[PDB]
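Engineer: Structure for this input, please:
(chains A and B)
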Amino acid sequence: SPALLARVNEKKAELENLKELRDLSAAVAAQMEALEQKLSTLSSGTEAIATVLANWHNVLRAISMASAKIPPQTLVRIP
Amino acid sequence: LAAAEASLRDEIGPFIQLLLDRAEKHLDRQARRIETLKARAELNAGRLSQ
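Structural biologist: Numbers count the residues shown, from 1 in each chain, chains lettered A, B, ... in the order given. Next up is the structure itself:
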């Protein structure tokens, strides 16, 4: 009986530890959600610079087509 | 568009033959219309004389 009183005290300490672990795991997952948001923002910035490469790539090809002229209308696209 | 339409439309080269046939048939159609117009004119002249 008194030994079992000490046993339940051990279990009390264990439960306190477990509660802290549970709280920490919840906080961990919360941080993962926040992390995912920031990573999405990063990818957005990368997409922006991909747009920049699209600009210069079209520039280069447009010039090369004019530069490679070795033997029209004005219809273009103006968003 | 110069070289672009050149290569593209040259590959379209078989399609355009039908367009040529269209224009030729349009000419033949109005030619038969001219024949009918001549028939009407001569009809008016002969009937008025009668």
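
Engineer: so which strand or helix has residue 13?
Structural biologist: I went with chain A, as the question did not name one. Per DSSP states H and E, residue A:13 falls inside helix A:2-67.

Engineer: Please work out how many residues are found near residue 26.
Structural biologist: Using chain A here. 10 (other Cβ atoms under 10 Å in any protein chain shown). Every residue, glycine included, has its C-beta placed from N, CA and C.

Engineer: should've been chain B
Structural biologist: If we define neighbours as other Cβ under 10 Å, then residue B:26 has 10 of them.

Engineer: Just the buried residues of stretch B:16-32, please?
Structural biologist: Buried residues in stretch B:16-32, defined by neighbour count with 16 or more other Cβ atoms under 10 Å in any protein chain shown: none.

Engineer: Not counting sequence-adjacent ones, nearest residue to whichever residue of chain B sits closest to chain A?
Structural biologist: In chain B, no residue comes nearer to chain A than residue B:1, which is 3.7 Å away by Cβ to the nearest Cβ. Nearest residue to residue B:1, sequence neighbours excluded (Cβ to Cβ, 6 or more residues apart in numbering or on different chains): residue A:72, at 3.7 Å.

Engineer: For chain A, which residue gets nearest to chain B?
Structural biologist: residue A:72 (3.7 Å).

Engineer: in which helix or strand would I find that residue?
Structural biologist: Going by DSSP H and E, residue A:72 is not part of any helix or strand.

Engineer: Spell out which residues of chain A are next to chain B.
Structural biologist: Applying Cβ under 8 Å from any Cβ of the partner chain, we find that chain A lies next to chain B at A:65, A:72, A:73, A:75.

Engineer: and chain B, which of its residues are near chain A?
Structural biologist: Counting by Cβ under 8 Å from any Cβ, chain B sits next to chain A at B:1, B:2, B:3, B:5.
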